[PDB]
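Please read the structure below before turning to the comments.
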Ligand SMILES: O=C(NCCC#Cc1cc(Nc2nccc(-c3ccn([C@H](CO)c4ccc(Cl)c(F)c4)c(=O)c3)n2)ccn1)O[C@H]1CC/C=C\CCC1
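Numbering (the authors' numbering), first residue to last: 8 to 331, 334 to 357.
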């Protein structure tokens, strides 16, 4: 009859439904292809995931699957299908099938000037998807240009929920210079000072960085390492006010900030001389040092910059809060949960 398709030293075990594969890219524990879906006659995106030797990979794969199967939103990537072996024993990989998107905002920003109208529309869609995510009590926790997918008509969809958590503001506090996983350039200042990233304001900061990057095609805070990231942030925002310092009770974090020379705020209109002044007013509100004072997603949608699109009746929320969380479980039980969670896509 036939054999399974190969790409770049990887079996792609997706047939017969999905054929005519082309390479896209590859992460640490997976690969990505486009493929022609024979049932719904359209090309799709397929990602091969091979997580079963590491619990962190298992944890992330499971998070993504559970979240994306529960969510249904125009600005959030869906899962169309999941392909895997019929038994746990035979299952070494999982294939996640999604709507094929032409590009991502990372690729687009390296090659394309965005008009103010494109920036406005991209930002609207990001916040619209984020409203839904936050309404489910979920934090994405790794919002960045490469996790914002775009199609040929500039519809935008948020992807990659492998680092997402249920929100937990009462346990957000930690010590100074506590290690963190999410992508450095989009990390809020409090991550390096006193926060575990368990509050919704962490995602708003990332969206602010994305907005700034859409305005200039360059990351606004390109730190080269953990504490350099804070150098870059303070370089533009200036020294925190007494009031903002008084919210950091942790002495190591407090005293670090106190040790720094006075830095003046760089006006947004000097960094972004061609930007819409309403865009800069909203940027300012998203990139506020004090997370308690940072604008929330629903306020950001209601901001004058987005007035041509704002329509809360057409900005849906999740039918219920998300729940259940997995941090202890070993890779063996996590394989059973991934097997269990993907079962609806099987024949039979
Ligand atoms: O149009 C073209 N080529 C375009 C090339 C291109 C692209 C492209 C697609 C994309 N699509 C797409 N769609 C759906 C989902 C995803 C997607 C992407 C990434 N992740 C995440 C990371 O974010 C992730 C997580 C874990 C692993 Cl382990 C991992 F690996 C990746 C997801 O979770 C989901 N990504 C994205 C980027 N880039 O060729 C024509 C025209 C040319 C002329 C003539 C010949 C004809 C051919």
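Yeah, the Cβ is synthetic: ideal placement off N, Cα and C, and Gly gets one too.
Within the present structure, is the beta-carbon of residue i separated from the nearest heavy atom of ligand 1 by less than 7 Å?
| i | result |
| --- | --- |
| residue 169 | yes |
| residue 52 | yes |
| residue 213 | no |
| residue 106 | yes |
| residue 109 | yes |
| residue 154 | yes |
| residue 114 | yes |
| residue 60 | no |
| residue 39 | yes |
| residue 30 | no |
| residue 332 | There are no atomic positions for residue 332 here, as the chain continues from 331 directly to 334. |
| residue 56 | yes |
| residue 81 | no |
| residue 36 | yes |
| residue 220 | no |
| residue 345 | no |
| residue 84 | yes |
| residue 65 | no |
| residue 161 | no |
| residue 314 | no |
| residue 166 | yes |
| residue 33 | yes |
Specify, as a first and last residue, the run of the alpha helix (DSSP H) that residue i falls within.
| i | result |
| --- | --- |
| residue 135 | 123-142 |
| residue 164 | No alpha helix (DSSP H) contains residue 164, which is instead part of the beta strand (DSSP E) from 163-165. |
| residue 75 | 62-77 |
| residue 149 | Taken as a continuous stretch (DSSP letters only), residue 149 belongs to no alpha helix (DSSP H), as it is neither H nor E. |
| residue 249 | 249-253 |
| residue 277 | 275-278 |
| residue 215 | 208-223 |
| residue 113 | 112-118 |
| residue 263 | 258-266 |
| residue 346 | 340-350 |
For residue i, does the three-state DSSP call read helix, strand or coil?
| i | result |
| --- | --- |
| residue 318 | coil |
| residue 160 | coil |
| residue 232 | coil |
| residue 188 | coil |
| residue 242 | helix |
| residue 310 | coil |
| residue 198 | helix |
| residue 12 | strand |
| residue 180 | strand |
| residue 237 | helix |
| residue 353 | helix |
Is it true that the CB of residue j sits closer than 8 Å to the CB of residue i?
| i | j | result |
| --- | --- | --- |
| residue 304 | residue 227 | no |
| residue 74 | residue 329 | yes |
| residue 113 | residue 316 | no |
| residue 133 | residue 107 | no |
| residue 216 | residue 193 | yes |
| residue 116 | residue 219 | no |
| residue 104 | residue 87 | yes |
| residue 175 | residue 205 | yes |
| residue 348 | residue 260 | no |
| residue 340 | residue 59 | yes |
| residue 308 | residue 326 | no |
| residue 110 | residue 157 | yes |
| residue 312 | residue 286 | yes |
| residue 36 | residue 53 | no |
| residue 294 | residue 244 | yes |
| residue 345 | residue 95 | yes |
| residue 202 | residue 179 | yes |
For the beta strand (DSSP E) that residue i lies in, which residues bound it at each end?
| i | result |
| --- | --- |
| residue 332 | Because residue 332 lies between 331 and 334, and the chain jumps straight from the first to the second, it has no atoms in this structure. |
| residue 32 | 25-33 |
| residue 105 | 101-106 |
| residue 300 | Unbroken run through residue 300: none, as it is neither H nor E. |
| residue 52 | 49-56 |
| residue 86 | That residue, residue 86, is in no beta strand (DSSP E); it is neither H nor E in DSSP. |
| residue 42 | 37-44 |
Would you call the region 168-180 in contact with the region 129-148, where contact means no fewer than 3 C-beta pairs closer than 8 Å? yes
Evaluate the contact criterion for the region 199-214 versus the region 292-307: three or more CB pairs, one atom per stretch, below 8 Å. The region 199-214 makes contact with the region 292-307, as at least three CB pairs between them are under 8 Å.
Within the chosen definition, does the region 119-128 reach the region 44-56 through at least 3 CB pairs nearer than 8 Å? no
Would you check if the region 75-90 and the region 29-42 touch, i.e. whether three or more CB-CB distances between them fall below 8 Å? no
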